[PDB]
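*Asks:* Residue numbers (full-length UniProt numbering): 11 to 267. First the structure, which I've put down as structure tokens, then a few questions once you've had a look.
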Amino acid sequence: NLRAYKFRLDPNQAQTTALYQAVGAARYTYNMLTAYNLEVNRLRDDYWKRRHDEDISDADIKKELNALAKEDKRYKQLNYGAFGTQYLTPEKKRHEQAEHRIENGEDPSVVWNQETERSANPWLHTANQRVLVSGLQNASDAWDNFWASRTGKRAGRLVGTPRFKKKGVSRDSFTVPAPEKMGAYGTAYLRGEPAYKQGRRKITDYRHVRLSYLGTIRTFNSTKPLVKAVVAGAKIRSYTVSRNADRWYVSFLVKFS
DNA sequence: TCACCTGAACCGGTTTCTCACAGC
DNA sequence: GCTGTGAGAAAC
RNA sequence: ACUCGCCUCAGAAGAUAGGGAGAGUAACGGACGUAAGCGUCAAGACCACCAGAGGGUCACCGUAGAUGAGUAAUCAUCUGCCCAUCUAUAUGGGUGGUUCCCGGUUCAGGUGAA
């Protein structure tokens, strides 16, 4: 009983810039998680090959690896959540430290060197939390796809191994869930945006949508079949933004009931 | 590279807490 | 001049 | 002067504008520079800022009214009328105004121009 209403957006400069920033953040986090998981996997299977070269049964060493999970950190694999707490927010704070130490008359290069890290300036905390966690969702999904293709579940052809994302090679998209503010005609604006300055407080036609911190954006379609379906016992569930060429699209996932 | 299709498979977030209010 | 609403961070 | 179309703005097929083309009295093919490449330009109406940049509205919703929101341009909500469309036993209703739209996320092919 699930449906998708997909509209082609018509954003302005100040919103296209934010959309690029969001997709860049999701790509960055996906790359981080995939790289970490890849390194841990390489260590894991090198150890496995070394142990199997001496005729060791995997069933017996299963308990050894289980005990090693509570012994060494580098022998564990993580989900979308644990990586955010253990790893993501430490460099969130590190980027913050660089930002509030740079203005105090000190050298930008020593605190932030372009060699080790590619960013000109720290930014891993001034990005929306949901956008960042979207990449964690995507990467956890990819690695679960791979590990299910291997072991016993995903019937079909062998689904590769997780692969890095690169600008201009992969697809740009992210998903924002409920219960944050989003909706069609009949929903309020956001405090502080330039439209809210002019005084608008509600949506009063069929050519605007509410997108979290991004504000309200116009569309090319008509939101009427949404709102008419909205007033039937159906409520919006989440929204996904995507890009193709130089065009942006948004899908509202609708759950009728 | 950047981009586009086929093609298999499987699937479509919840909650707590802090805080800065807009509006008189 | 202060505070119930909204907006958002953070864990999971 | 008239008929045919290659790329481009209109969510996608049918209606209406853009930069250049063609031939005669349908076929054929995007353009500017500056073998490529790479950069650039191609939808009209209203308020702002100092010719041009940024922001809002439409390019889907017969044909009549009224009421609101908006400085506006447009939009929304009710009542008519016509048409189409169905619905159960000449009937009543309900459903609209040129048709359709279910999408994710990854891995692997395949071509494809560069």
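Note that beta-carbon positions come from the ideal geometry of N, C-alpha and C, so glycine has one too.
Does the Cβ-Cβ distance between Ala194 and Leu134 come in under 8 Å?
*Replies:* Position 184 of the first sequence, counted from the start, is the residue given in the question as residue 194. Position 124 of the first sequence, counted from the start, is the residue given in the question as residue 134. In this structure, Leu134 does not lie closer than 8 Å to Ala194 by Cβ.
*Asks:* May I have the straight-line CA-CA distance separating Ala32 from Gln147, to the nearest angstrom?
*Replies:* For the purposes of this step, residue 32 is identified with residue 22 of the first sequence, where counting begins at 1. For the purposes of this step, residue 147 is identified with residue 137 of the first sequence, where counting begins at 1. The straight-line gap from Cα to Cα measures roughly 15 Å.
*Asks:* Taking the straight line between their C-alpha atoms, what separation do you get for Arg217 and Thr233?
*Replies:* Numbered from 1 along the first sequence, position 207 holds the residue referred to as residue 217. Numbered from 1 along the first sequence, position 223 holds the residue referred to as residue 233. Taking the straight line from one Cα to the other gives about 6 Å.
*Asks:* Compute the Euclidean distance between the alpha carbons of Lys191 and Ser222, then round it to the nearest angstrom.
*Replies:* Here residue 191 corresponds to residue number 181 of the first sequence, with the count starting at 1. Here residue 222 corresponds to residue number 212 of the first sequence, with the count starting at 1. One C-alpha to the other measures close to 6 Å.
*Asks:* Quick check: the Cα distance between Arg52 and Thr39, rounded to an integer number of angstroms?
*Replies:* Along the first sequence, one-based indexing puts residue 52 at 42. Along the first sequence, one-based indexing puts residue 39 at 29. When rounded, the separation of the alpha-carbon atoms in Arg52 and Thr39 is 20 Å.
*Asks:* Leaving out five residues before and five after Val169 in sequence, what residues of the same chain have Cβ atoms less than 7 Å from its Cβ?
*Replies:* As a first step, residue 169 must be located in the first sequence, where it is residue number 159. Result list for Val169: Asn155, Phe156, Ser159, in chain order.
*Asks:* Under three-state DSSP, which class holds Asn155?
*Replies:* Locating residue 155 in the first sequence gives position 145, counting from the first residue. In the structure shown, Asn155 sits in a helix (DSSP, three-state: H, G or I).
*Asks:* The alpha helix (DSSP H) with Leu98 in it runs from where to where?
*Replies:* Start at 1 with the first residue of the first sequence, and residue 98 comes out as number 88. According to the DSSP assignment, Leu98 belongs to no alpha helix (DSSP H), since it is labelled neither H nor E.
*Asks:* Answer with buried or exposed for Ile213, where buried requires no fewer than 16 other C-beta atoms within 10 angstroms of its C-beta.
*Replies:* To locate residue 213, count along the first sequence from 1; it is residue 203. The C-beta of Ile213 has 16 or more other C-beta atoms within 10 Å across all chains shown, which makes the residue buried.
*Asks:* Could you check whether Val141 and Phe184 sit closer than 8 Å to each other, using their CB atoms as the reference points?
*Replies:* Position 174 of the first sequence, counted from the start, is the residue given in the question as residue 184. Position 131 of the first sequence, counted from the start, is the residue given in the question as residue 141. Contact: yes.
*Asks:* With a floor of 4 residues, list each alpha helix (DSSP H) that falls wholly inside the segment 133 to 210, ordered by position along the chain.
*Replies:* 139 to 160, 204 to 208
*Asks:* Count the other CB atoms within 10 Å of the CB of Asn254; is the residue buried (16 or more) or exposed (fewer)?
*Replies:* Here residue 254 refers to the residue found at position 244 of the first sequence. The residue in question, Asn254, is exposed, as its Cβ has fewer than 16 Cβ neighbours within 10 Å.
*Asks:* If I measure Cβ to Cβ from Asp56 and keep anything under 7 Å in the same chain, skipping five residues before and after, which residues do I get?
*Replies:* Counted from its first residue, the first sequence places residue 56 at position 46. Excluding residues within five positions, none has a Cβ falling inside 7 Å.
*Asks:* Residue range of the beta strand (DSSP E) that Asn47 falls in?
*Replies:* Sequence index remark: in the first sequence, residue 47 carries index 37 (1-based). Taken as a continuous stretch (DSSP letters only), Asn47 belongs to no beta strand (DSSP E), being part of the alpha helix (DSSP H) at 23 to 62.
*Asks:* Once DSSP output is grouped into helix, strand and coil, what is the label at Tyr249?
*Replies:* Here the question's residue 249 lines up with position 239 in the first sequence. In the structure shown, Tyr249 sits in a strand (DSSP, three-state: E or B).
*Asks:* Grab me the residues of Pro172's own chain with a C-beta within less than 6 Å of its C-beta, minus the 5 sequence neighbours each way, in chain order.
*Replies:* Your numbering for residue 172 matches position 162 in the first sequence. The answer, listed in chain order, is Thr44, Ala152, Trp153, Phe156.
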